[PDB]
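Read from first to last, the chains carry the letters A, B, C and D; within each, the first residue is number 1.
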Amino acid sequence: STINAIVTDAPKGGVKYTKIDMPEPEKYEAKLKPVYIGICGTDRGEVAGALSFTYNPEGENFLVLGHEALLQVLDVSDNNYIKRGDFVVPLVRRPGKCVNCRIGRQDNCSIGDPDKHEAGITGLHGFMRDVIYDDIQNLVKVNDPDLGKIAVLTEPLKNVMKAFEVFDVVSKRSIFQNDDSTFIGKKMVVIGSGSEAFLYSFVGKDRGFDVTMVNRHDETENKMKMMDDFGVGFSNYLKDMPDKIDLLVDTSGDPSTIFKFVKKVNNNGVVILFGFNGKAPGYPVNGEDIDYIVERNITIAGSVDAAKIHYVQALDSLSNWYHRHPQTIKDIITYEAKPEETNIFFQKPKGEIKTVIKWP
Amino acid sequence: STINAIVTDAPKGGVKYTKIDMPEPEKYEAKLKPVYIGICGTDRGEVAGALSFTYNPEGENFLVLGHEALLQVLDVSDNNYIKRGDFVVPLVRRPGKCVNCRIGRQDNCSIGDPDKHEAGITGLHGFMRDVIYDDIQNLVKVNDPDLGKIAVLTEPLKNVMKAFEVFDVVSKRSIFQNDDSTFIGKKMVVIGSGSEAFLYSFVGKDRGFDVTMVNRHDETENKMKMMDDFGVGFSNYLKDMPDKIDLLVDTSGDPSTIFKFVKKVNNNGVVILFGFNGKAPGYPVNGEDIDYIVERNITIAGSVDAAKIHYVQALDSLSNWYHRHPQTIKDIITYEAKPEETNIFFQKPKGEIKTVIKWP
Amino acid sequence: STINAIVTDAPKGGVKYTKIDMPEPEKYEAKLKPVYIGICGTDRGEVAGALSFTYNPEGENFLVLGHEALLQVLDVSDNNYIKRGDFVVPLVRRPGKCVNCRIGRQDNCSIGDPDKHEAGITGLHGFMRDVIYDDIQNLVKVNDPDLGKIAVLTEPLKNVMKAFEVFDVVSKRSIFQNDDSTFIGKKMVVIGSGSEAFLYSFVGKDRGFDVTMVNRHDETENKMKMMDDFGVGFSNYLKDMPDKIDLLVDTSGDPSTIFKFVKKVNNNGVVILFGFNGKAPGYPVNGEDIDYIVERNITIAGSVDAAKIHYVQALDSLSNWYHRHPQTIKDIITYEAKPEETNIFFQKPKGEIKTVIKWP
Amino acid sequence: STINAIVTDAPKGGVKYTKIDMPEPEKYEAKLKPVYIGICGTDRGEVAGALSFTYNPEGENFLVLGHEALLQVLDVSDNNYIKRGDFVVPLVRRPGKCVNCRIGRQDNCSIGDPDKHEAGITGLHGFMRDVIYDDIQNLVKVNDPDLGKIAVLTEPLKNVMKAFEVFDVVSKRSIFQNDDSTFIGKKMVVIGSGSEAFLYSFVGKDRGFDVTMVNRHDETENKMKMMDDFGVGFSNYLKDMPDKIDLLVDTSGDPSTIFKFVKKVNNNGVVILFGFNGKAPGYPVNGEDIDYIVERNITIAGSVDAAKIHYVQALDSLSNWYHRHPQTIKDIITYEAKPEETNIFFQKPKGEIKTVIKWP
């Protein structure tokens, strides 16, 4: 078929909503179309030419962008789990052959590129196109019919879930809990006030932390209310610096900010590094900074992507939260765009949290 | 009563072999004398007045030095475990009241000072003194009569054992091993060529790694032959940069060296921060460094101290090693000084690996 | 002070809804009264005189009953957690001094009786008594107002939460998940159709298993439609005997049943032993039964009670379940009885799953 | 070519030392002969026709016996690890395709037969034959040259190493250690006094348990002296049954003995099921037995086979054991037979711990 798609020339950049030749494989398990597609900094970086690791699939001269997808099943081979008209979230990362990839933890690929591949990013077409072919195993079923568009948030939230898995694994190094066995009063601070930070914060809340998002500027009454609704605090760190931190999560990617907060981490504290900012400036880490980490048995863990199981978990949390605080969750999606509006990739709609593309 | 002791005034500095008065209780669990006491950069740090976290015990104006000890039991209340004559290594770190401290994991204390205390470092006298009283529970019996003074390596080595427990905990985040279940071919790089570096290296070979110590200068042939007898490599990184590192351990405390090597760590790799040097110059860590860690799901863990179980493990390894490689082990101890030679806190013996005090 | 209270004389037993002398003890942080109190087979066994291990507090002729409780606070000290008016679930098990109690894991008491004590079973007065004094540490706050009397279920659920924590720990022996990383299609069978079974089935369902409860007879369309509403299957194992089980949980306590179902467990299966029936006759375990277990690497884990953190989790679960299936959870509590009505300790309201007691 | 081999007809039984044709396959990485092959209850069970699971390889009328082997490399493709003349221990279990097999954890195969296969047991020729072809990856190199024939104990010891890994996983359900962090004074009881019991006991001692083997008769003086050389105790439980057991390992396969000792296990105790005897008679387990397990948070784990990493751990233990207790370890091997002494598969020569065939 000829079909519509939003494409880049990876890694060169640019973006055009335009038509393309894309033939059916004789061999397919499932055929789908896109309902919603979220966009994040990674897409904007792709478009902007800022990411040297991205590439078009083999023997092609464009890449269909889009990896934060909510899709609907048009057609599907015989199976016990999905049927026509079922909504699904498609896996971003797909496995290679490495000891991790082969048990479905391509999120911890031991090789990196080119063992694993990511839809819309590294050698595999994304989801901003009229038709999509895939294998059933790569699709996670949306089981709550009430969520609708909220399900598009699955992809950003699964990364949060894997990060908390990493938290759970490394915090086993000691007794992290209070001596009553609980997390009551343990302090989570999240660097940043964006999409990922919100999702960190809500999960933090469900695990029983006291949570505080932080930024180098005040926030909008909109965001403030959303946080208030979840029982999440906020602080401008130029005005009030949190200390005595048990769980530090960075979404900024900024070193100066990371290390100033690390020097507030308690004994047996855990630092999750999540944010990318290759442009971020150097911050000098000195011997006293190293000593601070050592003497406190602090763990700094970098986390990227997630496994299928974490997509399932993300859907379950999106449901729980939608049924308890619908206005807040709905407010996460702050603009819906038509596929023509390709200027979303260079410019942020006003007061953005999560921008998405409604397809028809 | 009056006894000989080697003392300082923490944190100001100074060292004197000298006469002091110390209570001699008539009620005690155990009474001991020192046979050998080891020294390490912490001892040298305290005496230069370079460590501002050290203090003397409450209501005193000196601090007996020495935390790496082998002691002999003079007398002991009746018990199932030790008797008069036996050799023992005393716990350096003594528990407070925290959740970690109360299960004998004071190495992981949730509070720090003043919950936990360290013999010879923080508010508790050390072992460089003619007489010592202690509880039996704080002593680890040497079960092997052929070890002799090698048992004095128990204390620096127990730190290694806990760092490896930390490795084992955090490496559970992914499959770290080969797809045959082993560590065959996994690569460990230890920054430094000093005593802790050797002991890390030896435990790593036992684990199954291929190991390379590294430093910014060439090494004496004494050390080179010691490495060779254990199958440990060596390389001077200003000439051959090791690459593709699965486990990295730093004993330097130096930021620039640490981060230089962090950029060679593979996916799912682990970095143990161990060494500390508060005067080490700042290294600028930038956005791309952070990214490197994030994208590879790397863990950077600070480790300090160990529990009693790690002393027991350390003695078991010392004795596995000794009945396999007698001479290279003996060769770890490079100078048996006399209590009065207190210039050793200022001045390193030529070719120092481990200097020990031989106690009268 | 005189108060109305239902009590017994353990281990002999028998119930009367009397009044008794309960003086206001010296040191106490909270004064409570019972709103609702659940009951179960342990409360009935206690009345019969069925249970060897129960007994009365030191030097008292009687024992207040009830361990499944929702309670309201009447007065409390200045604190950041609870106030006049908040409703709470109280800890059943209160810790002794062993390595596990002292970290708040008295559910894993290393000593057993008399280190730990259970309110209403082992030397500590239960909660069916007009006034209750307690420390704030032993109280769990209900943070959801819509829950009302649902929160009575916190105690039976919290045992289920601990059990699934045991499953999580022990199933690490091997990769339990599918090669996609998920639990999709893994088969949980819960032996029995009672209240704990329902609570296991719902949690199973949230963990991603295909769940079937089973029994030796068909079940009330009342029960069958709750199962159906959650997506839990049912089967009577005289008509159909389920096969290829990955997680087998017993609420029956009956050996013959446990072991017939153990013989259907797959490789790497986990068996949770939960229910206890001291009267159940013997079933003959032979050589081949053992071999079945050995060659399949199966784990059989007994589980009892739970820690505070699991009371919190059980509360979060009820709030999530309530807000998504309000009608079905509500239906779990089948009868609100009055203290006066003490037939309940001998007889079941028709097709009763949970029987609550409303307090005057 | 025509070679000698010891063969059975599985599962029918029978044994004979005879000639067979072993063609040189087209592609092989390694060519080996046997130096020693250990025999165990499984080999005798096969030859007796008593094992239903065993089968001949595809399209053959016989099955070469022997799975406990030490081999010498006659020829091998060039590689980094083994060369001509090296001694190796080969893997018994070879992987299939399931999620555990493909990470080298076929010891935990999720399918059972015919996914995994066992040399000498299940559709794959054993090692009692003059020539053997294999892949390098399936061979574990003997690095210590003084071990000699002691290395043949690798295969029964790696089973123990895996069972201790299973112990390490399951005992994380609570704090199993003392409040000093150690295992000092924890009690391990091993049901049985054969070679597996001894290897369990030696590892138990190295783990820091107090260990006692037990049987239903007194033991010979050789065995008693060996226990004594390692500090392992013994008891005829007809006369004196150990109580207060923290870790119970069974090597008998006998239900009656198992369940009787299960009733001595402490809170948080672990029972490893290891031995198997399909012929052993039923023992009735009642409601009270089950409740004992539940109320004590006891785990009962069946354990079979091992992974490659556990063959390597086994060889490191056998070296550590050999360089400390030379004659004791040599004495585990109690009869060296000739291949034609097929009588050893039917009669336990007098004093047996481990019988081996020295291959001509």
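Note that contacts are C-beta pairs under 8 Å (C-beta built on N, C-alpha and C of every residue); 3 or more make two chains touch, one makes a residue touch a chain.
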item	value
Comparison of A-B and A-C by number of C-beta pairs in contact, larger one	A-B
Duplicate of the B-D contact set - from A-C, B-C or A-D, the pair where over half of the pairs recur	A-C
For subunit A paired with subunit D, centre-to-centre distance based on mean C-alpha positions, whole Å	47
Where subunit A and subunit B are represented by their mean Cα positions, the distance between them in whole Å	41
Interchain centroid distance [CA atoms averaged], subunit A/subunit C, Å	37
Sites on subunit C at which at least two other chains make contact	99, 102-103, 105, 175, 177-179
Graph class of chain-chain contacts, one of line, ring, star, complete, other	complete
Contacting chain pairs - touch in the sense defined above	A-B, A-C, A-D, B-C, B-D, C-D
Footprint of subunit A on subunit D - complex, ascending	99, 102-103
Contacting residues of subunit D [partner subunit B, same complex]	81, 102-105, 137, 175, 177-184, 206, 208, 307-310, 312, 316, 319-320, 323-324
Subunit A-facing residues of subunit B, complex	98-100, 102-103, 105, 107-112, 165-166, 169-170, 172-175, 177-179, 253-255, 258-259, 266-268, 273-291, 293-304
